[PDB]
$ cat input23.txt   # compact mmCIF, C-alpha atoms
# COMPACT_ATOMS: atom_id res chain seq x y z
CA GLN W 1 105.77 127.03 120.35
CA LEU W 2 109.37 127.94 121.08
CA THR W 3 109.84 130.49 123.84
CA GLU W 4 112.64 133.00 124.13
CA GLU W 5 114.19 130.94 126.99
CA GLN W 6 114.29 127.81 124.81
CA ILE W 7 115.84 129.64 121.95
CA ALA W 8 118.55 131.01 124.16
CA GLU W 9 119.17 127.49 125.53
CA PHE W 10 119.44 126.02 122.01
CA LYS W 11 121.58 128.84 120.99
CA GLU W 12 124.15 128.27 123.73
CA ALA W 13 124.37 124.54 122.98
CA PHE W 14 124.65 125.14 119.24
CA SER W 15 127.22 127.92 119.61
CA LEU W 16 129.56 125.66 121.57
CA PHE W 17 130.00 123.59 118.38
CA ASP W 18 130.16 126.49 115.98
CA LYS W 19 133.96 126.62 116.14
CA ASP W 20 134.59 128.61 113.00
CA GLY W 21 132.42 131.52 114.45
CA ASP W 22 130.51 130.79 111.28
CA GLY W 23 126.98 130.18 112.42
CA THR W 24 127.12 126.49 111.48
CA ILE W 25 127.52 123.02 112.88
CA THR W 26 128.13 119.83 110.80
CA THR W 27 125.33 117.30 110.21
CA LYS W 28 127.68 114.68 111.70
CA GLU W 29 127.66 116.65 114.98
CA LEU W 30 123.88 117.01 115.21
CA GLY W 31 123.53 113.97 117.51
CA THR W 32 126.34 115.17 119.81
CA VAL W 33 124.58 118.54 120.06
CA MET W 34 121.23 117.02 120.88
CA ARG W 35 122.85 114.73 123.50
CA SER W 36 124.55 117.82 125.00
CA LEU W 37 120.96 119.12 125.49
CA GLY W 38 119.90 115.92 127.32
CA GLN W 39 118.07 114.44 124.33
CA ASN W 40 118.53 110.90 123.06
CA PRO W 41 117.51 110.64 119.43
CA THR W 42 117.84 107.36 117.57
CA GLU W 43 119.87 107.08 114.45
CA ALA W 44 116.71 106.75 112.40
CA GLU W 45 115.38 110.04 113.94
CA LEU W 46 118.67 111.80 113.28
CA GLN W 47 118.54 110.72 109.61
CA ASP W 48 115.04 112.20 109.28
CA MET W 49 116.28 115.46 110.83
CA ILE W 50 119.23 115.58 108.48
CA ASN W 51 116.87 115.04 105.47
CA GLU W 52 115.05 118.22 106.60
CA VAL W 53 118.17 120.19 105.85
CA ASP W 54 120.48 118.57 103.33
CA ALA W 55 118.59 119.28 100.06
CA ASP W 56 121.82 120.73 98.50
CA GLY W 57 124.15 118.21 100.25
CA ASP W 58 126.63 120.64 101.86
CA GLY W 59 126.59 118.89 105.33
CA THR W 60 126.18 121.83 107.66
CA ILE W 61 123.18 123.24 109.69
CA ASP W 62 122.73 126.95 110.60
CA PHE W 63 120.92 128.13 113.68
CA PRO W 64 117.53 128.87 111.96
CA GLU W 65 117.64 125.35 110.49
CA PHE W 66 118.42 124.02 113.90
CA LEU W 67 115.57 125.98 115.45
CA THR W 68 113.09 124.61 112.86
CA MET W 69 114.18 121.03 113.60
CA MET W 70 113.84 121.62 117.31
CA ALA W 71 110.41 123.35 116.96
CA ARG W 72 109.30 120.30 115.01
CA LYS W 73 110.71 118.05 117.81
CA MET W 74 108.79 119.74 120.57
CA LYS W 75 105.61 119.70 118.48
CA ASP W 76 106.38 116.02 117.79
CA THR W 77 105.11 113.60 120.46
CA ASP W 78 106.15 110.43 118.55
CA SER W 79 109.88 110.40 119.47
CA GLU W 80 111.07 107.00 120.65
CA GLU W 81 112.47 108.25 124.00
CA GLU W 82 109.26 110.04 124.91
CA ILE W 83 107.05 107.13 123.92
CA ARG W 84 108.99 104.46 125.89
CA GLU W 85 109.09 106.81 128.91
CA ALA W 86 105.24 106.71 129.00
CA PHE W 87 105.30 102.87 128.95
CA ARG W 88 108.01 102.76 131.67
CA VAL W 89 105.70 104.66 133.98
CA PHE W 90 104.57 100.98 134.63
CA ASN W 91 105.39 92.65 124.80
CA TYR W 92 104.65 96.41 124.45
CA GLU W 93 107.61 96.81 122.14
CA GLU W 94 105.46 96.33 118.99
CA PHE W 95 103.23 99.16 120.22
CA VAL W 96 106.28 101.40 120.66
CA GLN W 97 107.45 100.44 117.15
CA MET W 98 104.06 101.15 115.53
CA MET W 99 103.67 104.51 117.28
CA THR W 100 107.20 105.73 116.39
CA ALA W 101 106.79 104.51 112.79
CA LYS W 102 104.20 107.22 111.83
CA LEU W 103 102.29 104.88 109.51
CA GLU W 104 100.96 106.65 106.35
CA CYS W 105 103.06 109.76 107.00
CA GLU W 106 105.05 110.60 103.91
CA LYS W 107 108.28 112.50 104.53
CA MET W 108 108.83 114.84 101.61
CA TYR W 109 112.43 116.03 100.97
CA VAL W 110 114.95 116.79 98.19
CA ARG W 111 117.86 114.35 97.64
CA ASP W 112 120.27 115.14 94.79
CA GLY W 113 117.78 117.47 93.16
CA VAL W 114 114.85 114.94 93.21
CA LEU W 115 111.72 115.36 95.29
CA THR W 116 111.42 112.18 97.27
CA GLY W 117 108.93 110.80 99.67
CA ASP W 118 109.56 108.12 102.23
CA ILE W 119 106.83 106.31 104.14
CA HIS W 120 106.64 103.55 106.76
CA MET W 121 103.62 101.41 105.89
CA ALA W 122 102.06 98.17 107.28
CA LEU W 123 99.23 95.88 106.31
CA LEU W 124 97.04 94.53 109.05
CA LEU W 125 96.69 90.76 108.45
CA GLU W 126 94.02 88.24 109.48
CA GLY W 127 94.87 87.24 112.97
CA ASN W 128 96.13 90.75 113.78
CA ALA W 129 99.64 90.36 112.53
CA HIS W 130 101.46 93.47 111.05
CA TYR W 131 103.25 93.15 107.66
CA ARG W 132 105.71 96.03 107.07
CA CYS W 133 106.64 97.86 103.91
CA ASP W 134 108.96 100.76 103.15
CA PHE W 135 107.88 103.14 100.39
CA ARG W 136 110.19 105.45 98.47
CA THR W 137 108.69 107.59 95.76
CA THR W 138 110.39 110.06 93.41
CA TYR W 139 108.37 112.76 91.82
CA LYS W 140 109.23 114.86 88.69
CA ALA W 141 107.29 117.53 86.91
CA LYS W 142 107.20 117.30 83.11
CA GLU W 143 107.83 121.06 82.78
CA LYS W 144 111.41 122.16 83.34
CA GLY W 145 111.27 125.07 85.74
CA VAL W 146 108.95 123.84 88.55
CA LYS W 147 110.36 124.83 91.91
CA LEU W 148 111.04 122.13 94.44
CA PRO W 149 109.30 122.41 97.86
CA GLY W 150 110.92 122.53 101.23
CA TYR W 151 110.79 119.69 103.69
CA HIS W 152 107.33 118.66 104.82
CA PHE W 153 104.96 115.75 105.57
CA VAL W 154 101.87 114.39 103.85
CA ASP W 155 99.56 112.54 106.23
CA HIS W 156 97.63 109.99 104.14
CA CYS W 157 94.59 107.76 104.92
CA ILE W 158 93.71 105.21 102.23
CA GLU W 159 90.82 102.67 102.54
CA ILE W 160 88.68 100.31 100.56
CA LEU W 161 85.04 101.48 100.91
CA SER W 162 83.48 98.52 99.05
CA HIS W 163 84.40 95.52 96.93
CA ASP W 164 82.90 92.41 95.39
CA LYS W 165 83.95 88.93 96.65
CA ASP W 166 86.77 88.42 94.12
CA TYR W 167 87.79 92.15 94.15
CA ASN W 168 86.95 92.46 90.45
CA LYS W 169 85.20 95.71 91.49
CA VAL W 170 86.63 97.97 94.22
CA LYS W 171 85.67 101.45 95.44
CA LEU W 172 88.62 103.29 96.97
CA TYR W 173 89.08 106.45 99.02
CA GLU W 174 92.00 108.54 100.19
CA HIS W 175 92.26 111.65 102.26
CA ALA W 176 95.58 113.47 102.45
CA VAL W 177 96.79 116.64 104.23
CA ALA W 178 100.23 118.28 104.01
CA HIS W 179 101.78 119.94 107.05
CA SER W 180 105.15 121.20 108.34
CA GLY W 181 104.88 119.55 111.77
CA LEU W 182 105.58 123.03 113.24
CA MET W 183 94.21 127.96 94.34
CA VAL W 184 95.59 127.69 90.80
CA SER W 185 94.03 128.06 87.46
CA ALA W 186 95.00 124.69 85.97
CA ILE W 187 93.37 122.83 88.90
CA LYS W 188 89.67 122.97 89.48
CA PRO W 189 87.94 122.33 92.86
CA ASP W 190 86.20 119.26 91.37
CA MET W 191 88.14 117.04 89.04
CA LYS W 192 87.66 113.75 87.35
CA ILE W 193 90.06 110.87 87.25
CA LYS W 194 90.62 108.23 84.54
CA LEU W 195 93.23 105.52 85.08
CA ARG W 196 94.58 102.40 83.43
CA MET W 197 96.96 100.08 85.25
CA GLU W 198 98.96 97.28 83.65
CA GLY W 199 100.85 94.99 85.84
CA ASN W 200 102.43 91.81 86.78
CA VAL W 201 102.82 90.35 90.25
CA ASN W 202 104.81 87.11 90.68
CA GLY W 203 104.34 86.64 86.95
CA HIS W 204 100.56 87.04 87.11
CA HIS W 205 99.45 89.69 84.55
CA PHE W 206 96.49 92.02 84.95
CA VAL W 207 94.83 95.15 83.64
CA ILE W 208 92.64 97.44 85.87
CA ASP W 209 90.65 100.49 84.86
CA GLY W 210 89.70 103.25 87.31
CA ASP W 211 87.13 105.95 87.10
CA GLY W 212 86.90 108.57 89.86
CA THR W 213 86.41 112.08 91.22
CA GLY W 214 88.07 114.17 93.79
CA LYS W 215 88.64 117.58 95.36
CA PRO W 216 92.27 118.60 94.97
CA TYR W 217 92.10 121.43 97.48
CA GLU W 218 90.51 119.27 100.16
CA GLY W 219 92.82 116.38 99.58
CA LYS W 220 90.11 113.84 98.88
CA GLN W 221 89.36 111.44 96.07
CA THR W 222 87.32 108.37 95.35
CA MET W 223 87.61 105.84 92.57
CA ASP W 224 85.85 102.84 91.21
CA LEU W 225 88.14 100.18 89.89
CA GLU W 226 87.33 97.22 87.62
CA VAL W 227 89.69 94.37 86.75
CA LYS W 228 89.63 94.07 82.96
CA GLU W 229 92.06 91.20 82.52
CA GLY W 230 93.73 88.66 84.79
CA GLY W 231 90.82 88.36 87.20
CA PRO W 232 90.03 87.04 89.76
CA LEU W 233 93.30 88.44 91.06
CA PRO W 234 95.43 85.85 92.81
CA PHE W 235 97.03 88.14 95.31
CA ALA W 236 96.07 90.80 97.89
CA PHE W 237 94.41 93.75 96.15
CA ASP W 238 95.69 96.00 98.92
CA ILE W 239 99.24 96.00 97.47
CA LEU W 240 97.89 97.93 94.49
CA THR W 241 95.80 100.57 96.13
CA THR W 242 98.43 103.27 96.77
CA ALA W 243 99.26 103.03 93.08
CA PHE W 244 95.73 104.01 92.32
CA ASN W 245 98.34 111.31 92.70
CA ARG W 246 99.72 113.86 95.09
CA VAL W 247 97.60 116.55 93.54
CA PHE W 248 94.97 115.25 95.96
CA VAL W 249 96.53 116.74 99.05
CA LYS W 250 95.39 119.77 101.05
CA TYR W 251 98.48 122.04 101.15
CA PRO W 252 98.62 125.11 103.43
CA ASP W 253 99.95 128.38 101.98
CA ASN W 254 103.40 128.11 103.63
CA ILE W 255 104.36 124.95 101.78
CA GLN W 256 105.12 124.93 98.10
CA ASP W 257 102.67 122.62 96.28
CA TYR W 258 104.88 121.05 93.66
CA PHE W 259 102.00 118.91 92.45
CA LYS W 260 99.37 121.51 91.70
CA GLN W 261 102.14 123.69 90.12
CA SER W 262 103.09 120.81 87.71
CA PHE W 263 99.85 121.23 85.77
CA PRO W 264 98.62 121.43 83.01
CA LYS W 265 101.63 119.47 81.61
CA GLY W 266 101.69 117.04 84.52
CA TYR W 267 104.22 114.95 86.35
CA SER W 268 105.35 111.42 86.87
CA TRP W 269 106.29 109.33 89.87
CA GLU W 270 108.21 106.17 90.44
CA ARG W 271 108.16 104.08 93.58
CA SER W 272 109.73 101.16 95.26
CA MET W 273 107.94 99.07 97.87
CA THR W 274 110.02 96.80 100.08
CA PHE W 275 108.24 94.26 102.21
CA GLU W 276 109.47 92.47 105.29
CA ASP W 277 109.41 88.91 103.77
CA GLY W 278 111.34 89.94 100.62
CA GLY W 279 108.51 90.94 98.33
CA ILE W 280 109.47 93.90 96.13
CA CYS W 281 107.51 96.18 93.90
CA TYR W 282 108.10 98.88 91.40
CA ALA W 283 105.39 101.18 90.22
CA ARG W 284 105.11 104.19 88.04
CA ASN W 285 102.44 106.69 87.17
CA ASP W 286 102.55 109.22 84.36
CA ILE W 287 99.86 111.80 85.07
CA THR W 288 98.44 114.21 82.43
CA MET W 289 95.37 116.43 82.36
CA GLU W 290 92.76 117.41 79.81
CA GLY W 291 90.44 120.04 81.18
CA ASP W 292 88.90 118.88 84.46
CA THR W 293 90.15 115.27 84.07
CA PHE W 294 93.46 113.67 85.13
CA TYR W 295 94.66 110.75 83.07
CA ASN W 296 96.88 108.16 84.79
CA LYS W 297 99.00 105.61 83.03
CA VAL W 298 100.04 103.23 85.73
CA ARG W 299 102.53 100.35 85.69
CA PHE W 300 103.00 97.97 88.54
CA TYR W 301 105.59 95.20 88.97
CA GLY W 302 105.84 92.91 92.01
CA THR W 303 108.11 89.89 92.55
CA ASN W 304 109.62 87.67 95.11
CA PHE W 305 106.48 87.34 97.21
CA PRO W 306 106.46 83.95 99.04
CA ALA W 307 103.79 81.58 97.61
CA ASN W 308 102.82 81.10 101.14
CA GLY W 309 102.90 84.71 102.41
CA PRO W 310 99.97 87.07 103.09
CA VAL W 311 100.09 88.73 99.69
CA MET W 312 99.86 85.58 97.55
CA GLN W 313 97.40 84.06 100.07
CA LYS W 314 95.09 87.12 100.16
CA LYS W 315 95.41 87.50 103.94
CA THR W 316 95.54 91.34 104.23
CA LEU W 317 92.76 93.45 105.75
CA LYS W 318 94.01 97.00 105.09
CA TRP W 319 96.88 99.45 105.26
CA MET W 320 97.09 100.36 108.91
CA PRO W 321 96.42 103.97 109.83
CA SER W 322 98.70 106.04 111.96
CA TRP W 323 98.77 104.81 115.62
CA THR W 324 99.10 108.38 116.83
CA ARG W 325 96.43 110.88 115.87
CA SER W 326 96.45 114.61 116.48
CA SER W 327 93.45 115.39 118.60
CA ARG W 328 92.66 118.60 116.76
CA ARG W 329 91.85 122.22 117.61
CA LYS W 330 88.58 122.67 119.55
CA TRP W 331 85.94 124.43 117.55
CA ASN W 332 86.52 127.73 119.36
CA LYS W 333 90.10 127.89 117.89
CA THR W 334 88.62 127.04 114.37
$ encode --input "input23.txt" --output "structure tokens"
Amino acid sequence: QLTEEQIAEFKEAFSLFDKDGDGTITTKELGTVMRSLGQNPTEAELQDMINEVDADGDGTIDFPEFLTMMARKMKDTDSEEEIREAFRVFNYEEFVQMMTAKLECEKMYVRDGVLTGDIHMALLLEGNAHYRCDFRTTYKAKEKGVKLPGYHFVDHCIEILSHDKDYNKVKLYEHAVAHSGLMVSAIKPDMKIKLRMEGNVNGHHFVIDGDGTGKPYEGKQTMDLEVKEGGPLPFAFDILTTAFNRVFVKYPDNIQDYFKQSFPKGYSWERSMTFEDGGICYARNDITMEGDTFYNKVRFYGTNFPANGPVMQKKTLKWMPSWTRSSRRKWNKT
């Protein structure tokens, strides 16, 4: 936690740039301010920090917003400077990269009035290579007045529990938890999931049906998938699995849950996936509900995957989990 002494130190540094006596700095000055405090954030880290604050685009930061950023930074252990330091206490650059990337951690922010989530993702390949992908998802409730959340993270963990040899049948699991890094009537504790996906990857067409269950308030779901057309699939099944609903996220009470609030009418998402060797995907899900069951109409489009790359050669093992875990509260602190 912040202490009084830290706040007064941040306050001094911040105030030196608040030249209008206004209580603000510009977003363009944020790096200069943090360097004045002896910090060395990367550009990528500064962009994340700025996304925490620029929902309405006005390009300034007030002291409470600055304090929140900073409180998040000191809770943060994954900053690039801090991580390298630990290595330099003694080739490890890929480790540094993976650890600073926060794999499977979705950054949730508002950009031009649209709730957006960005994630760094990577597939572990046969032979232990890492195959990177950037995700960007936009989310929009069907009902007009649903209030957009503040900045936050969703820590995801997706895995294949079982499959047949050709991946015509796949059982899938995800566990997701929202947090700041510092129950509603339409949504029952136990829900059912029905899904149909139609897609095309490098021109190969397929249809996949899903049937599942989950616990929206615990952030957990499982699904059984069956390829109905286009099987045996000629590409890595793993590129589809994050297309197979952010309702299934455990939200604490100090973060607005846009997803559970979008029901009964539902919401839709659209996503791009950008892979390191040029492959590109688009996907979309339109999510509705009837009683205790979500219905998912999913579309998936992938192109430009090299004939010879890991996706068209089925060389992926899984989506890699985060390389930094929180070792949690001891039982005595609940």
$ residues_around --input "input23.txt" --residues "residue 64 in chain W" --least-positions-apart "5" --cutoff "10 Å" --atoms "all atoms listed in the file" --output "list in words"
residues 11, 23, 24, 69 and 70 of chain W
$ write_last_selection --input "input23.txt" --atoms "C-alpha atoms" --output "PDB file, in the coordinates of the input"
ATOM      1  CA  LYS W  11     121.580 128.840 120.990  1.00  0.00           C
ATOM      2  CA  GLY W  23     126.980 130.180 112.420  1.00  0.00           C
ATOM      3  CA  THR W  24     127.120 126.490 111.480  1.00  0.00           C
ATOM      4  CA  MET W  69     114.180 121.030 113.600  1.00  0.00           C
ATOM      5  CA  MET W  70     113.840 121.620 117.310  1.00  0.00           C
TER       6      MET W  70
END
$ atom_distance --input "input23.txt" --atom1 "CA of residue 123 in chain W" --atom2 "CA of residue 157 in chain W"
12.8 Å
$ residues_around --input "input23.txt" --residues "residue 238 in chain W" --least-positions-apart "5" --cutoff "8 Å" --atoms "all atoms listed in the file" --output "PyMOL selection string"
chain W and resi 316-319
$ residues_around --input "input23.txt" --residues "range 101-117 of chain W" --least-positions-apart "3" --cutoff "8 Å" --atoms "all atoms listed in the file" --output "PyMOL selection string"
chain W and resi 51-52+54-57+78+97-98+120-122+135-140+148-157+320-324
$ closest_residue --input "input23.txt" --among "W:19, W:215, W:330, W:147" --to "residue 257 in chain W" --atoms "all atoms listed in the file"
W:147
$ closest_residue --input "input23.txt" --among "W:73, W:204, W:297, W:132" --to "residue 310 in chain W" --atoms "all atoms listed in the file"
W:132
$ build_atoms --input "input23.txt" --residues "range 123-143 of chain W" --atoms "N, CA, C and O atoms" --output "PDB file, keeping the file's coordinate frame"
ATOM      1  N   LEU W 123     100.523  96.536 106.530  1.00  0.00           N
ATOM      2  CA  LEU W 123      99.230  95.880 106.310  1.00  0.00           C
ATOM      3  C   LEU W 123      98.848  95.104 107.521  1.00  0.00           C
ATOM      4  O   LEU W 123      99.672  94.385 108.085  1.00  0.00           O
ATOM      5  N   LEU W 124      97.608  95.300 107.960  1.00  0.00           N
ATOM      6  CA  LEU W 124      97.040  94.530 109.050  1.00  0.00           C
ATOM      7  C   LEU W 124      96.648  93.191 108.395  1.00  0.00           C
ATOM      8  O   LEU W 124      96.036  93.182 107.330  1.00  0.00           O
ATOM      9  N   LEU W 125      97.076  92.084 108.972  1.00  0.00           N
ATOM     10  CA  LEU W 125      96.690  90.760 108.450  1.00  0.00           C
ATOM     11  C   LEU W 125      95.614  90.125 109.346  1.00  0.00           C
ATOM     12  O   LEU W 125      95.508  90.451 110.547  1.00  0.00           O
ATOM     13  N   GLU W 126      94.890  89.173 108.749  1.00  0.00           N
ATOM     14  CA  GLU W 126      94.020  88.240 109.480  1.00  0.00           C
ATOM     15  C   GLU W 126      94.783  87.694 110.622  1.00  0.00           C
ATOM     16  O   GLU W 126      95.909  87.273 110.457  1.00  0.00           O
ATOM     17  N   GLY W 127      94.186  87.718 111.797  1.00  0.00           N
ATOM     18  CA  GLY W 127      94.870  87.240 112.970  1.00  0.00           C
ATOM     19  C   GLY W 127      95.583  88.349 113.691  1.00  0.00           C
ATOM     20  O   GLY W 127      96.168  88.101 114.717  1.00  0.00           O
ATOM     21  N   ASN W 128      95.609  89.554 113.117  1.00  0.00           N
ATOM     22  CA  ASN W 128      96.130  90.750 113.780  1.00  0.00           C
ATOM     23  C   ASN W 128      97.632  90.881 113.664  1.00  0.00           C
ATOM     24  O   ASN W 128      98.214  91.731 114.267  1.00  0.00           O
ATOM     25  N   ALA W 129      98.288  90.049 112.881  1.00  0.00           N
ATOM     26  CA  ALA W 129      99.640  90.360 112.530  1.00  0.00           C
ATOM     27  C   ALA W 129      99.786  91.681 111.654  1.00  0.00           C
ATOM     28  O   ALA W 129      98.851  92.163 110.986  1.00  0.00           O
ATOM     29  N   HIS W 130     100.977  92.241 111.748  1.00  0.00           N
ATOM     30  CA  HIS W 130     101.460  93.470 111.050  1.00  0.00           C
ATOM     31  C   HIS W 130     102.572  93.120 110.017  1.00  0.00           C
ATOM     32  O   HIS W 130     103.537  92.449 110.335  1.00  0.00           O
ATOM     33  N   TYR W 131     102.394  93.543 108.775  1.00  0.00           N
ATOM     34  CA  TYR W 131     103.250  93.150 107.660  1.00  0.00           C
ATOM     35  C   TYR W 131     103.842  94.464 107.096  1.00  0.00           C
ATOM     36  O   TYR W 131     103.137  95.230 106.491  1.00  0.00           O
ATOM     37  N   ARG W 132     105.098  94.740 107.369  1.00  0.00           N
ATOM     38  CA  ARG W 132     105.710  96.030 107.070  1.00  0.00           C
ATOM     39  C   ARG W 132     106.223  96.246 105.664  1.00  0.00           C
ATOM     40  O   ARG W 132     106.654  95.314 104.980  1.00  0.00           O
ATOM     41  N   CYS W 133     106.194  97.508 105.244  1.00  0.00           N
ATOM     42  CA  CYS W 133     106.640  97.860 103.910  1.00  0.00           C
ATOM     43  C   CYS W 133     107.238  99.243 103.965  1.00  0.00           C
ATOM     44  O   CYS W 133     106.625 100.111 104.524  1.00  0.00           O
ATOM     45  N   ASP W 134     108.419  99.433 103.392  1.00  0.00           N
ATOM     46  CA  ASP W 134     108.960 100.760 103.150  1.00  0.00           C
ATOM     47  C   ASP W 134     108.645 101.215 101.721  1.00  0.00           C
ATOM     48  O   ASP W 134     108.902 100.483 100.712  1.00  0.00           O
ATOM     49  N   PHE W 135     108.096 102.420 101.630  1.00  0.00           N
ATOM     50  CA  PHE W 135     107.880 103.140 100.390  1.00  0.00           C
ATOM     51  C   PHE W 135     108.901 104.228 100.162  1.00  0.00           C
ATOM     52  O   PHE W 135     109.153 105.072 101.038  1.00  0.00           O
ATOM     53  N   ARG W 136     109.410 104.299  98.938  1.00  0.00           N
ATOM     54  CA  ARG W 136     110.190 105.450  98.470  1.00  0.00           C
ATOM     55  C   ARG W 136     109.660 105.837  97.135  1.00  0.00           C
ATOM     56  O   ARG W 136     109.589 105.011  96.214  1.00  0.00           O
ATOM     57  N   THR W 137     109.261 107.100  97.003  1.00  0.00           N
ATOM     58  CA  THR W 137     108.690 107.590  95.760  1.00  0.00           C
ATOM     59  C   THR W 137     109.506 108.786  95.322  1.00  0.00           C
ATOM     60  O   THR W 137     109.765 109.652  96.130  1.00  0.00           O
ATOM     61  N   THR W 138     109.776 108.878  94.003  1.00  0.00           N
ATOM     62  CA  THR W 138     110.390 110.060  93.410  1.00  0.00           C
ATOM     63  C   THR W 138     109.389 110.648  92.503  1.00  0.00           C
ATOM     64  O   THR W 138     108.657 109.973  91.788  1.00  0.00           O
ATOM     65  N   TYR W 139     109.365 111.979  92.520  1.00  0.00           N
ATOM     66  CA  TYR W 139     108.370 112.760  91.820  1.00  0.00           C
ATOM     67  C   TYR W 139     109.060 113.778  90.858  1.00  0.00           C
ATOM     68  O   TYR W 139     109.831 114.569  91.328  1.00  0.00           O
ATOM     69  N   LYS W 140     108.586 113.929  89.649  1.00  0.00           N
ATOM     70  CA  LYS W 140     109.230 114.860  88.690  1.00  0.00           C
ATOM     71  C   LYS W 140     108.228 115.472  87.745  1.00  0.00           C
ATOM     72  O   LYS W 140     107.560 114.779  87.031  1.00  0.00           O
ATOM     73  N   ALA W 141     108.115 116.787  87.791  1.00  0.00           N
ATOM     74  CA  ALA W 141     107.290 117.530  86.910  1.00  0.00           C
ATOM     75  C   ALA W 141     107.824 117.413  85.465  1.00  0.00           C
ATOM     76  O   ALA W 141     108.990 117.308  85.251  1.00  0.00           O
ATOM     77  N   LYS W 142     106.917 117.362  84.529  1.00  0.00           N
ATOM     78  CA  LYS W 142     107.200 117.300  83.110  1.00  0.00           C
ATOM     79  C   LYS W 142     107.828 118.613  82.634  1.00  0.00           C
ATOM     80  O   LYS W 142     108.729 118.568  81.829  1.00  0.00           O
ATOM     81  N   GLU W 143     107.351 119.738  83.152  1.00  0.00           N
ATOM     82  CA  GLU W 143     107.830 121.060  82.780  1.00  0.00           C
ATOM     83  C   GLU W 143     109.095 121.396  83.561  1.00  0.00           C
ATOM     84  O   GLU W 143     109.178 121.300  84.812  1.00  0.00           O
TER      85      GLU W 143
END
